[PDB]
Every structure is written in structure tokens, then in C-alpha cells.
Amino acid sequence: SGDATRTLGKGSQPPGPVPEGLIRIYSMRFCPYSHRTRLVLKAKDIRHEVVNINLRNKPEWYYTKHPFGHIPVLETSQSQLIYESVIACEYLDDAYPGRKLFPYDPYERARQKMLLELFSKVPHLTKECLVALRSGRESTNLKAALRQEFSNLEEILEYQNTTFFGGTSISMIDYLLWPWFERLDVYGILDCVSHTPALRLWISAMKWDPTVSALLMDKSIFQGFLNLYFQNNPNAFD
């Protein structure tokens, strides 16, 4: 919600300076790391501007935002740059008022970061699973590894006996995990959660969250992206 604009690529005008009272995020519509920070921006009700970046043909000026041209990057009114999706999310939460997403209790807050670490293998595994399916490979081994990681997550929800990873209602950790879980269906690996019932309840509960729901990707647009993407078609990155 609010990121439906053409990407800027090589030869594009850099945006103006960030206006006072706004923060800016450099994103890309299909990037799960950027998705994570956009969820936090929305959930916290932060006034912001989304600038999409062309990852195949990056604007030369974009390397002045991140030395390797990665996304997400946050850029403030005072010229300050913040990156790593997790560092970005955490900064957003501390810097801005209203709803607090991380717990106040130091221990509870640490627990969520520990849960974040337990999840660390999932992003690259889902990616490897996708790449395998998209080349026609019998990706039984990667799926088996993903299922294990998801079993590790299931045991947390199951032990805590709460709907969300951080308790009875949604919080920071839930948004941090969300984007890869949204992608399972289109990735073709929704079956990797067939054995994890609390994860499946969590997925349902997440979709009902105002913020999660507002930012849900259109499934058919996303399928088109993946087709162009795996053909290395420049149109994917627009």
C-alpha cells in the first residue's frame, strides 16, 4: 500500500531531498526484506515515501545510498542513511511514537531477537526452493530442510501456546517473519507447512491483521514477475 510506482534505474532522476516530517524507504515491490520494513512503517503509522529501485539496472546515484546498492535503505530528512532490514525496523520502532512493536521488557525483547535468529536459514532456503522448482528440479532435499526449519518454529508457538510468536497479539517479530510466509503459495512450497498446524493458524491470523492485509501482494502480478524474472527479462524490474 503506497509502493505502486515505477522503479528508478540507470539514467533515472534521483529523488529530491527527504522533506522535513517524512522518512523515505528505498524498496522494490517483490523484495521480502523491503516488505519487512514497509510492514513496520505501516503498522507504526509512520508518514513515509517509498522509492522503488531497479535491481537489474541500478541507478548510479543509488550507490550513494548503499555501497553495494542493496535494499531496503531508510533515508531521513537530516540526510541520514539506515540499512539492513532488521536495523531499519528496530530504528523505526525506537525513533517513532505511538504503537510500540517490540516489547518494553528487555528479556521479552531479547526473546524476539532470538526467535529472529532461529528463523535465519528460512529466507535463503525458500529462495533455493523457488530456484529449484523453476528449473524443473526434484527439490525434495531443500523442501525437507525447509520443513525442519518450520518444525523448529512450530515448536515455539506450540510451547508458548499463543497465536503469535511474541504472544496473544501481533508484534514486531511477527512482521519480521511475515514476508517469506506470504510467498510460500506463489513460490509453490505451501505444502512445506502441511505438518505444522500452529504455523498454519498463524498464517491465517496474520492475513487478518490490518497492516499485513493492506500490504498483501497481488498473486497474479507476482506470478508475472517470477516468469519475467527467471527469463532475465528487464520488464520484471519495472
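Residues carry their position along the shown sequence, with the first being 1.
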Looking only at C-alpha temperature factors in the entry, 34-42 or 61-69, the higher average sits in 61-69
Per the PDB entry, mean CA B-factor is higher for 111-119 or 126-134, namely for 126-134
For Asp174, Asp191, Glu182, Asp209, the deposited C-alpha B-factor is largest at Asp191
The largest CA temperature factor among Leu92, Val86, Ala145, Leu74 is found at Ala145
Tertile call for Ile221 (CA temperature factor, within chain, third-based) is the middle
Temperature factor at the Cα of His195, chain-ranked in thirds, falls in the highest
Quick tally, chain-level thirds of C-alpha B-factors: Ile23 sits in the middle
